[PDB]
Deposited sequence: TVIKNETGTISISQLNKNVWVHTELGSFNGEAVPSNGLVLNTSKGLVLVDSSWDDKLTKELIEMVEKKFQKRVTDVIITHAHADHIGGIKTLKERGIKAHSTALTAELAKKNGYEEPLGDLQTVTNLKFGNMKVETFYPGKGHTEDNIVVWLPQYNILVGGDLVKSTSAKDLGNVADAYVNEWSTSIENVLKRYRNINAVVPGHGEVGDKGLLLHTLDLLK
């Protein structure tokens, strides 16, 4: 079930009753839309305010609920870029302290810096755990786990099958990235789906693929 917007710039495919993948062309970036009984929760918004606004507006209309929260999985422009939109609309922008301070350092408005190494959030019925596994794609990258579905949002820590290299490594810690991936595999031993930062949803295999890319 793939719902595109007017432009085809934004696309959402359903994973289950309450979890959707959002994908925007900026190179396609993935995030999640969590349809919860208390509103919509995004795992990552989009590249900039324009797309973040279109994203929110598309999901709010479709699901007939407000976006209440977003989880920002790292401070890169393409993840933090819609922060202005989130803050001015009173959408809670969750992040680790490190992501927030990187955002501030890079001139972005700050997300909450409320996430710890492991943080468990609950939005209505929807359970969400955020996990900082260590440095990888960036020093601050986190993953997001939906324990009710065993769905892992890998963000840019995790490369899709189609990714034949590590992408942008300017901010990366290619020595620690393998350990960070291991930390994810150790923590989540039973994974139903993994959503990479870009590309097609996969499973545990994407974490193995990322490991190989790191050799």
task = Would you mind checking the deposited sequence against the model and listing the stretches with no C-alpha coordinates?
result = 27-32
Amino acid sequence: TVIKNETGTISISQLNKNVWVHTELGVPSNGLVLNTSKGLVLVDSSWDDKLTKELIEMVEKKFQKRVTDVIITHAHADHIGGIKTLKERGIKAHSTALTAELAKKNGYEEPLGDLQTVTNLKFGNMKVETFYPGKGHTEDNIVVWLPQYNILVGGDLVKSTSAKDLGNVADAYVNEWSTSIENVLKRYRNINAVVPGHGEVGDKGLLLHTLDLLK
From here on, numbers count along this sequence of modelled residues.
ask   = Where do the C-alpha atoms have the higher mean temperature factor in this entry, in 68-76 or in 105-113?
value = 105-113
request  = Could you check which stretch, 174-182 or 55-63, carries the larger mean CA temperature factor in the entry?
outcome  = 55-63
inquiry  = Quick check for you: using the entry's CA B-factors within this chain, is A163 in the lowest, middle or highest third?
reply    = highest
query = Ranked by Cα temperature factor within the chain, is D48 in the lowest third, the middle third or the highest third?
reply = highest
task = Taking the values exactly as deposited, rank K122 by C-alpha B-factor within its chain and report the matching third: lowest, middle or highest.
result = highest
For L213, the third of its chain into which the C-alpha B factor falls = middle
task = Compare the C-alpha B factor of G155 with those of the other modelled residues in its chain, then answer lowest, middle or highest third.
result = lowest
